[PDB]
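Q: Handing over input_15.txt, compact mmCIF, C-alpha atoms and all ligand atoms.
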```txt
# COMPACT_ATOMS: atom_id res chain seq x y z
CA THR A 1 125.17 43.43 -196.44
CA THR A 2 124.73 40.28 -194.35
CA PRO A 3 121.16 39.98 -192.97
CA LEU A 4 121.09 41.81 -189.65
CA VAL A 5 119.50 40.30 -186.57
CA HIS A 6 117.18 42.60 -184.61
CA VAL A 7 116.95 41.37 -181.02
CA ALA A 8 114.06 42.72 -178.97
CA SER A 9 115.36 44.69 -175.98
CA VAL A 10 112.88 45.65 -173.26
CA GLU A 11 112.89 49.37 -172.48
CA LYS A 12 114.94 49.59 -169.27
CA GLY A 13 112.97 48.38 -166.26
CA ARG A 14 109.58 48.61 -167.99
CA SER A 15 106.81 46.05 -167.56
CA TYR A 16 103.16 45.45 -168.51
CA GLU A 17 101.83 48.30 -166.36
CA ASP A 18 104.08 50.83 -168.08
CA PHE A 19 102.79 49.86 -171.51
CA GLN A 20 99.17 49.70 -170.34
CA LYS A 21 99.62 53.36 -169.37
CA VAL A 22 100.82 54.23 -172.88
CA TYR A 23 97.90 52.24 -174.32
CA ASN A 24 95.52 54.20 -172.09
CA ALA A 25 96.99 57.55 -173.14
CA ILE A 26 96.55 56.62 -176.80
CA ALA A 27 93.01 55.36 -176.13
CA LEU A 28 92.03 58.47 -174.17
CA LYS A 29 93.29 60.74 -176.95
CA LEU A 30 91.34 58.67 -179.51
CA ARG A 31 88.24 59.46 -177.47
CA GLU A 32 89.16 63.15 -177.11
CA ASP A 33 90.10 64.01 -180.72
CA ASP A 34 86.90 62.49 -182.12
CA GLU A 35 86.29 65.15 -184.79
CA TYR A 36 89.18 64.12 -187.07
CA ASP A 37 88.29 63.09 -190.63
CA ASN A 38 84.61 64.02 -190.37
CA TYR A 39 84.25 62.29 -187.01
CA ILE A 40 85.80 59.00 -188.08
CA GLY A 41 88.46 59.53 -185.43
CA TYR A 42 92.17 58.72 -185.56
CA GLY A 43 91.61 54.98 -185.13
CA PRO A 44 91.84 53.97 -188.81
CA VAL A 45 94.86 56.11 -189.66
CA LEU A 46 96.77 54.72 -186.66
CA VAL A 47 96.13 51.21 -187.93
CA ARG A 48 97.35 52.19 -191.40
CA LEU A 49 100.43 53.78 -189.81
CA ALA A 50 101.23 50.58 -187.88
CA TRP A 51 100.87 48.62 -191.12
CA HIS A 52 102.99 50.94 -193.30
CA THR A 53 105.79 51.13 -190.74
CA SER A 54 105.82 47.32 -190.65
CA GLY A 55 105.10 46.53 -194.30
CA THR A 56 108.48 47.68 -195.57
CA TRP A 57 109.97 44.43 -194.28
CA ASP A 58 111.76 42.08 -196.67
CA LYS A 59 112.10 38.51 -195.40
CA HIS A 60 115.11 38.02 -197.70
CA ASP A 61 117.54 40.34 -195.86
CA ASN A 62 115.49 41.48 -192.86
CA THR A 63 115.65 45.12 -193.95
CA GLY A 64 112.74 47.42 -193.12
CA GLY A 65 110.11 46.24 -190.65
CA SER A 66 108.67 47.68 -187.44
CA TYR A 67 111.83 47.23 -185.37
CA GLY A 68 113.73 50.43 -186.19
CA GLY A 69 110.88 52.95 -186.15
CA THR A 70 112.46 54.59 -189.19
CA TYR A 71 109.27 56.36 -190.29
CA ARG A 72 110.52 59.21 -188.09
CA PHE A 73 113.11 59.91 -190.80
CA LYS A 74 112.46 62.14 -193.82
CA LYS A 75 112.96 59.54 -196.57
CA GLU A 76 110.28 57.21 -195.20
CA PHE A 77 108.10 59.98 -193.79
CA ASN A 78 107.95 61.43 -197.31
CA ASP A 79 107.27 58.14 -199.10
CA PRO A 80 104.39 58.86 -201.51
CA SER A 81 102.95 55.57 -200.22
CA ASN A 82 102.71 57.13 -196.76
CA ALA A 83 100.83 60.27 -197.80
CA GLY A 84 98.35 61.15 -195.08
CA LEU A 85 100.09 59.21 -192.31
CA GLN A 86 101.56 62.47 -191.00
CA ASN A 87 98.20 62.84 -189.25
CA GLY A 88 98.79 59.66 -187.27
CA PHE A 89 102.34 60.68 -186.42
CA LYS A 90 101.16 64.08 -185.19
CA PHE A 91 98.54 62.36 -183.04
CA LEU A 92 101.26 60.23 -181.43
CA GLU A 93 103.59 63.18 -180.77
CA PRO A 94 102.06 64.19 -177.41
CA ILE A 95 101.98 60.52 -176.43
CA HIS A 96 105.70 60.10 -177.11
CA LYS A 97 106.39 63.36 -175.28
CA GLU A 98 104.69 62.03 -172.15
CA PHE A 99 106.36 58.62 -172.42
CA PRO A 100 109.76 59.47 -173.98
CA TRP A 101 111.12 56.09 -172.87
CA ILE A 102 109.13 54.06 -175.42
CA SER A 103 110.86 53.32 -178.73
CA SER A 104 109.39 54.68 -181.97
CA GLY A 105 108.77 51.20 -183.35
CA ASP A 106 107.01 50.16 -180.15
CA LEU A 107 104.88 53.31 -180.26
CA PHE A 108 103.90 53.01 -183.93
CA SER A 109 102.90 49.35 -183.52
CA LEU A 110 101.18 49.89 -180.16
CA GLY A 111 99.16 52.68 -181.77
CA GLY A 112 97.73 50.18 -184.22
CA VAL A 113 96.97 47.61 -181.52
CA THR A 114 95.31 50.25 -179.34
CA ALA A 115 93.18 51.52 -182.23
CA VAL A 116 91.94 48.06 -183.21
CA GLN A 117 90.98 47.16 -179.64
CA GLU A 118 89.34 50.49 -178.80
CA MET A 119 87.29 50.21 -182.00
CA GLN A 120 85.87 46.95 -180.60
CA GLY A 121 88.15 44.70 -182.62
CA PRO A 122 89.81 41.51 -181.33
CA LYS A 123 92.52 41.63 -178.68
CA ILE A 124 95.97 41.80 -180.29
CA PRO A 125 98.81 40.37 -178.19
CA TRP A 126 101.70 42.85 -178.37
CA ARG A 127 105.38 42.52 -177.49
CA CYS A 128 107.73 45.36 -176.55
CA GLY A 129 111.41 45.60 -177.37
CA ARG A 130 111.75 47.32 -180.74
CA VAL A 131 114.84 49.54 -180.75
CA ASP A 132 115.39 52.74 -182.74
CA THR A 133 117.95 52.34 -185.52
CA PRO A 134 120.00 55.03 -187.39
CA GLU A 135 118.70 57.08 -190.31
CA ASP A 136 120.83 55.08 -192.75
CA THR A 137 118.77 51.97 -191.91
CA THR A 138 115.65 53.63 -193.33
CA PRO A 139 114.25 51.54 -196.21
CA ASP A 140 113.95 53.16 -199.65
CA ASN A 141 110.49 54.13 -200.91
CA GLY A 142 108.67 51.62 -203.10
CA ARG A 143 108.43 48.66 -200.72
CA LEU A 144 104.74 49.13 -199.89
CA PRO A 145 102.19 47.52 -202.28
CA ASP A 146 100.09 49.09 -205.05
CA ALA A 147 96.28 49.16 -205.08
CA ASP A 148 95.68 49.07 -208.84
CA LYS A 149 96.74 45.44 -209.33
CA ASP A 150 95.13 41.98 -209.42
CA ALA A 151 95.06 38.86 -207.24
CA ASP A 152 98.30 37.45 -208.66
CA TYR A 153 100.13 40.66 -207.74
CA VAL A 154 98.74 40.62 -204.20
CA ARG A 155 99.62 36.97 -203.60
CA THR A 156 103.17 37.39 -204.87
CA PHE A 157 103.74 40.69 -203.09
CA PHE A 158 102.73 39.40 -199.67
CA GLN A 159 105.07 36.42 -199.91
CA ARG A 160 107.84 38.96 -199.22
CA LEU A 161 106.15 39.59 -195.85
CA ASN A 162 105.83 35.82 -195.32
CA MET A 163 102.02 35.94 -195.50
CA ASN A 164 99.87 33.22 -197.07
CA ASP A 165 96.39 33.40 -198.63
CA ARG A 166 94.48 33.29 -195.33
CA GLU A 167 96.77 35.83 -193.70
CA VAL A 168 96.39 38.20 -196.66
CA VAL A 169 92.59 37.97 -196.76
CA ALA A 170 92.36 38.38 -192.98
CA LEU A 171 94.61 41.46 -192.99
CA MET A 172 92.60 43.15 -195.75
CA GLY A 173 89.55 42.96 -193.50
CA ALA A 174 90.96 46.02 -191.76
CA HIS A 175 89.56 47.96 -194.69
CA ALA A 176 86.29 47.94 -192.78
CA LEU A 177 88.03 50.89 -191.12
CA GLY A 178 88.37 54.46 -192.38
CA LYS A 179 88.34 55.41 -196.05
CA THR A 180 90.44 56.29 -199.07
CA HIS A 181 91.15 60.00 -199.57
CA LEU A 182 91.68 61.22 -203.14
CA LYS A 183 94.47 63.59 -202.10
CA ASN A 184 96.42 60.82 -200.34
CA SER A 185 96.13 57.82 -202.65
CA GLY A 186 94.17 58.73 -205.77
CA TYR A 187 91.14 56.81 -204.49
CA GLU A 188 88.03 58.16 -202.79
CA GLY A 189 85.41 56.66 -200.53
CA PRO A 190 84.80 54.34 -197.55
CA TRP A 191 84.63 50.54 -197.77
CA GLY A 192 81.60 50.42 -195.50
CA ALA A 193 79.27 52.17 -193.07
CA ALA A 194 80.99 51.55 -189.71
CA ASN A 195 84.22 53.40 -190.57
CA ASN A 196 85.39 53.35 -186.92
CA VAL A 197 84.05 50.04 -185.60
CA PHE A 198 86.06 46.88 -186.27
CA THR A 199 83.80 44.20 -187.79
CA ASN A 200 83.75 41.78 -190.73
CA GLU A 201 81.76 44.27 -192.81
CA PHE A 202 84.49 44.35 -195.49
CA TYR A 203 83.72 40.78 -196.57
CA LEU A 204 79.95 41.18 -196.34
CA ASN A 205 80.14 44.27 -198.54
CA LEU A 206 82.36 42.59 -201.13
CA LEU A 207 79.84 39.76 -201.44
CA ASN A 208 76.53 41.58 -201.03
CA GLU A 209 76.95 44.96 -202.72
CA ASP A 210 76.33 45.56 -206.44
CA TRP A 211 79.70 46.86 -207.62
CA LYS A 212 80.37 48.91 -210.75
CA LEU A 213 83.84 49.58 -212.16
CA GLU A 214 84.11 53.37 -212.48
CA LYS A 215 86.73 56.11 -212.79
CA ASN A 216 87.17 58.49 -209.85
CA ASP A 217 88.19 62.15 -210.07
CA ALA A 218 91.87 61.18 -210.13
CA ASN A 219 91.22 59.17 -213.30
CA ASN A 220 91.83 55.87 -211.49
CA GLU A 221 89.46 52.91 -211.61
CA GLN A 222 87.75 51.70 -208.45
CA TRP A 223 84.63 49.67 -207.70
CA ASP A 224 81.63 51.62 -206.39
CA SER A 225 78.24 50.65 -204.95
CA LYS A 226 75.03 52.66 -204.81
CA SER A 227 75.33 52.49 -201.02
CA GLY A 228 78.25 54.89 -201.27
CA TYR A 229 81.00 52.33 -200.70
CA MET A 230 84.07 51.58 -202.78
CA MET A 231 86.60 48.79 -203.23
CA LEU A 232 90.14 49.04 -204.55
CA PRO A 233 91.06 46.88 -207.54
CA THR A 234 93.07 44.74 -205.10
CA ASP A 235 90.11 44.44 -202.71
CA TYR A 236 87.87 43.31 -205.54
CA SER A 237 90.49 40.79 -206.69
CA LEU A 238 89.73 38.92 -203.47
CA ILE A 239 86.42 37.79 -204.96
CA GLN A 240 87.77 37.33 -208.50
CA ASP A 241 90.40 34.79 -207.41
CA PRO A 242 88.73 31.49 -206.40
CA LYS A 243 91.09 30.77 -203.51
CA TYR A 244 90.67 34.23 -201.99
CA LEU A 245 86.91 34.07 -202.61
CA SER A 246 86.53 30.96 -200.44
CA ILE A 247 88.25 32.74 -197.56
CA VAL A 248 86.23 35.93 -198.04
CA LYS A 249 83.06 33.85 -197.74
CA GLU A 250 84.39 32.17 -194.58
CA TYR A 251 85.03 35.47 -192.82
CA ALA A 252 81.72 36.92 -194.02
CA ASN A 253 80.02 34.01 -192.26
CA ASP A 254 82.06 33.79 -189.07
CA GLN A 255 82.85 36.97 -187.14
CA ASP A 256 84.76 35.11 -184.41
CA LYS A 257 86.94 33.25 -186.90
CA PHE A 258 87.82 36.52 -188.63
CA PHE A 259 88.70 38.14 -185.31
CA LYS A 260 90.97 35.28 -184.28
CA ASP A 261 92.72 35.05 -187.66
CA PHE A 262 93.11 38.83 -187.95
CA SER A 263 94.62 39.02 -184.47
CA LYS A 264 97.29 36.46 -185.34
CA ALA A 265 98.13 37.95 -188.74
CA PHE A 266 98.29 41.51 -187.41
CA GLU A 267 100.59 40.57 -184.53
CA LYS A 268 102.74 38.62 -187.00
CA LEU A 269 102.89 41.62 -189.33
CA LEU A 270 103.94 43.88 -186.45
CA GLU A 271 106.58 41.39 -185.30
CA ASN A 272 108.17 40.40 -188.63
CA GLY A 273 111.95 40.74 -188.50
CA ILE A 274 112.22 40.72 -184.71
CA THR A 275 114.06 38.08 -182.70
CA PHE A 276 112.57 37.63 -179.24
CA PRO A 277 114.97 36.14 -176.66
CA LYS A 278 113.79 32.92 -175.00
CA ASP A 279 113.48 34.78 -171.70
CA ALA A 280 111.73 37.84 -173.15
CA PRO A 281 108.42 38.76 -171.50
CA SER A 282 105.34 36.95 -172.82
CA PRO A 283 103.15 38.99 -175.18
CA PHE A 284 101.02 41.62 -173.41
CA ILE A 285 97.24 41.68 -173.79
CA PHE A 286 96.06 45.16 -172.85
CA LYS A 287 92.68 45.89 -171.30
CA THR A 288 90.51 48.40 -173.17
CA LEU A 289 89.44 51.62 -171.44
CA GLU A 290 85.98 50.09 -171.21
CA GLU A 291 87.31 46.99 -169.45
CA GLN A 292 89.12 49.23 -166.94
CA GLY A 293 86.07 51.40 -166.34
CA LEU A 294 87.95 54.40 -167.70
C1 LIG B 1 96.29 45.36 -191.32
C2 LIG B 1 95.68 46.46 -192.07
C3 LIG B 1 95.80 46.83 -193.45
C4 LIG B 1 96.39 46.16 -194.50
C5 LIG B 1 97.12 44.80 -194.51
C6 LIG B 1 96.23 46.99 -195.67
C7 LIG B 1 96.71 46.67 -196.94
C8 LIG B 1 96.64 47.43 -198.09
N1 LIG B 1 96.03 48.67 -198.21
FE1 LIG B 1 95.06 49.61 -196.69
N2 LIG B 1 94.26 50.69 -195.11
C9 LIG B 1 94.11 50.26 -193.80
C10 LIG B 1 94.58 49.05 -193.29
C11 LIG B 1 95.27 48.07 -194.01
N3 LIG B 1 95.55 48.14 -195.36
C12 LIG B 1 93.38 51.26 -193.04
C13 LIG B 1 93.00 51.15 -191.55
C14 LIG B 1 93.11 52.30 -193.88
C15 LIG B 1 92.35 53.61 -193.55
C16 LIG B 1 93.25 54.83 -193.30
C17 LIG B 1 92.46 56.11 -193.00
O1 LIG B 1 91.21 56.08 -192.97
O2 LIG B 1 93.11 57.15 -192.78
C18 LIG B 1 93.67 51.94 -195.17
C19 LIG B 1 93.64 52.74 -196.30
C20 LIG B 1 94.14 52.43 -197.56
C21 LIG B 1 94.12 53.31 -198.70
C22 LIG B 1 93.56 54.71 -198.71
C23 LIG B 1 94.62 55.71 -198.22
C24 LIG B 1 94.14 57.13 -198.19
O3 LIG B 1 93.75 57.63 -199.26
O4 LIG B 1 94.16 57.75 -197.10
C25 LIG B 1 94.69 52.64 -199.74
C26 LIG B 1 94.91 53.14 -201.18
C27 LIG B 1 95.08 51.35 -199.23
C28 LIG B 1 95.74 50.38 -199.98
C29 LIG B 1 96.20 49.13 -199.51
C30 LIG B 1 96.98 48.04 -200.29
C31 LIG B 1 95.88 47.36 -201.19
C32 LIG B 1 98.04 48.81 -201.16
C33 LIG B 1 99.12 49.35 -200.16
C34 LIG B 1 97.22 47.01 -199.33
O5 LIG B 1 97.91 45.96 -199.86
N4 LIG B 1 94.75 51.24 -197.90
```
If you convert what's in this file into structure tokens, what do you get?
A:
Amino acid sequence: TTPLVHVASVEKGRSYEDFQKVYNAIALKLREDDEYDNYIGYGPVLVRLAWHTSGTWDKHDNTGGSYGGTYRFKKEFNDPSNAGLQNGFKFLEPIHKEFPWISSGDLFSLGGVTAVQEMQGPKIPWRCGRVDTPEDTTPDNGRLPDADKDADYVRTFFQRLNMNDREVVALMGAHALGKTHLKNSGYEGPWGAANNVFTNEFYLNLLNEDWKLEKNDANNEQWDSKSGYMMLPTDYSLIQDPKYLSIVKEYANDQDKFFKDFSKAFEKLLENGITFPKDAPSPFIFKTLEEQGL
């Protein structure tokens, strides 16, 4: 039961160029399969997948985390908390088939990095080396957070992922992406207008929209605005708690600051639980398709 140590191990003989090729394949498919989810694209769901495959981590015993790529196993794949992520996994299938040498954990996390960057978000340094672990290393369901709670719940929950107030608020900004789907989570609606463009719209909407606490068709409460946006109880708690509120205001007034803080928190989230050898390669910063003229 002793806390295991997960040492990053570079896929045999691979280097930056190999991973840039995987990034490009993911990016090109994001461009190709643009009809998904009423033309939102697979960007948002890939980010959620990267988060859910990483968010199972427990700093106390180093179980869960992005290292093992255990989402490929039935128990985790069927976690009610992961409902809807099968779409992201299916999207990545052809990618993994073309580059069978990349580990599942590296692919799931790289998918999130690729999506954020291609959607015009900040650059996210990414490190390779996650290694697939056995099915018995799959974490039990119930480690991912709930959305019907308050600020105190959020703050306490994220301490298990070693995230502080600023890290939590920055990470939640990803809700500028995609939307909630009633069938997947019991919540319905987008957080903003630019569902597939990474910006600080989440914070601006929290502060500027006129929110009303209503019940959706699943009989769950959520905050709605006449603009057609919604906020989860946990999202709204970010402006109810005074400490979170200060940070929300900061990001709503400084796009660059949000980008830099989100980049650090997201990489941290994707790297929790991994031990990188002193001579491991430095983090990779991939060029977007646009930057490559592709
Ligand atoms: C770093 C990014 C990130 C973080 C930290 C983070 C944290 C947390 N999220 Fe969030 N998320 C992200 C990114 C991130 N999310 C994205 C991109 C989506 C959109 C998915 C899609 O559109 O398919 C969604 C969608 C989504 C949905 C709707 C799911 C659906 O119906 O399809 C719910 C209910 C929640 C709940 C919660 C919390 C509050 C409870 C688990 C939470 O703590 N999320």
Q: For segment 115-129 of chain A, work out the shell of residues within 6 Å, counting all atoms listed in the file and skipping chain neighbours fewer than 2 positions away, then give it as a ChimeraX atom specification.
A: /A:8-10,43,112-113,197-198,259,263,283-285
Q: Using only C-alpha atoms, please write the residues we just selected to a file, as a compact mmCIF listing (two decimals), in the coordinates of the input.
A:
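Contents of the output file part10.txt:
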```
# COMPACT_ATOMS: atom_id res chain seq x y z
CA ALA A 8 114.06 42.72 -178.97
CA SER A 9 115.36 44.69 -175.98
CA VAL A 10 112.88 45.65 -173.26
CA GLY A 43 91.61 54.98 -185.13
CA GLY A 112 97.73 50.18 -184.22
CA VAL A 113 96.97 47.61 -181.52
CA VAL A 197 84.05 50.04 -185.60
CA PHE A 198 86.06 46.88 -186.27
CA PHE A 259 88.70 38.14 -185.31
CA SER A 263 94.62 39.02 -184.47
CA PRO A 283 103.15 38.99 -175.18
CA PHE A 284 101.02 41.62 -173.41
CA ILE A 285 97.24 41.68 -173.79
```
Q: For the interface of segment 147-227 of chain A with segment 267-280 of chain A (cut-off 10 Å, counting only C-alpha atoms), please tabulate each contacting residue of segment 147-227 of chain A alongside its nearest pair of atoms and their separation in Å to one decimal, rows sorted by chain and increasing number, as CSV.
A:
```
residue,atom,partner,partner_atom,distance
A:161,CA,A:272,CA,7.5
A:162,CA,A:272,CA,8.4
A:163,CA,A:269,CA,8.4
A:167,CA,A:268,CA,9.4
A:171,CA,A:269,CA,9.1
```
Q: Quick one: residues within 6 Å of ligand LIG 1 (chain B), with only C-alpha atoms and all ligand atoms, as a PyMOL selection string?
A: chain A and resi 44-45+47-48+51+84+144-147+171-172+174-175+177-182+184-185+187+234+266
Q: What is the distance, in Å and to one decimal place, between atom CA of residue 194 of chain A and atom CA of residue 258 of chain A?
A: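 Atom-to-atom, atom CA of residue 194 of chain A to atom CA of residue 258 of chain A, that is 16.5 Å.
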Q: Taking (92.8, 43.2, -205.3) in the file's coordinates as the center, which residues reach within 7 Å of it, counting all atoms listed in the file, put as a list in words?
A: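 Residues with an atom at most 7 Å from (92.8, 43.2, -205.3): residues 147, 149, 150, 151, 154, 232, 233, 234, 235, 236, 237 and 238 of chain A.
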Q: Do you have the atom CA of residue 12 of chain A-atom CA of residue 136 of chain A distance handy?
A: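 If I compute the distance from atom CA of residue 12 of chain A to atom CA of residue 136 of chain A, I get 24.8 Å.
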Q: Using all atoms listed in the file for the distances, tell me which of A:249, A:243, A:212, A:166 is nearest to residue 231 of chain A.
A: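 Looking at the shortest contact to residue 231 of chain A, the residue is A:212.
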Q: Just to confirm, what's the straight-line distance from atom CA of residue 218 of chain A to atom CA of residue 186 of chain A in Å (one decimal)?
A: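 Answer for the atom CA of residue 218 of chain A to atom CA of residue 186 of chain A separation: 5.5 Å.
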Q: Counting only C-alpha atoms, which of A:190, A:111, A:240, A:205 gets nearest to residue 20 of chain A?
A: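 The shortest atom-to-atom distance to residue 20 of chain A comes from A:111.
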Q: Could you work out an axis-aligned box for segment 139-147 of chain A, taking every atom the file lists and adding 6 Å on each side, and report centre and edge lengths in Å to one decimal, as JSON?
A:
```
{"center_x": 105.3, "center_y": 50.8, "center_z": -200.6, "size_x": 30.0, "size_y": 18.6, "size_z": 20.9}
```
Q: Which neighbours of residue 31 of chain A fall inside 12 Å, counting only C-alpha atoms, when residues of the same chain fewer than 5 positions from it are skipped, and could you give them as a list in words?
A: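 Counting only the stated atoms, we get residues 24, 25, 26, 36, 39, 40, 41, 42, 43, 114, 115, 118, 119, 196, 289, 290 and 294 of chain A.
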Q: Could you tell me which of A:78, A:38, A:222, A:1 comes closest to residue 63 of chain A if we count all atoms listed in the file?
A: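 The closest residue to residue 63 of chain A is A:1.
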Q: Tell me which of A:101, A:202, A:191, A:157 sits closest to residue 255 of chain A, counting all atoms listed in the file.
A: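 Among the listed residues, the smallest separation from residue 255 of chain A belongs to A:202.
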Q: Of the candidates A:66, A:261, A:251, A:28, which one gets nearest to residue 164 of chain A if we count only C-alpha atoms?
A: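 Using only C-alpha atoms, the shortest distance to residue 164 of chain A belongs to A:261.
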Q: Find, counting all atoms listed in the file, the residue in A:176, A:247, A:4, A:193 that gets nearest to residue 60 of chain A.
A: A:4
Q: Would you pick out the contacts of residue 74 of chain A at 12 Å or less, using only C-alpha atoms, so that residues sharing its chain but fewer than 3 positions from it are not included, and give the list as a ChimeraX atom specification?
A: /A:70-71,77-80,82,86,135-136,138-141
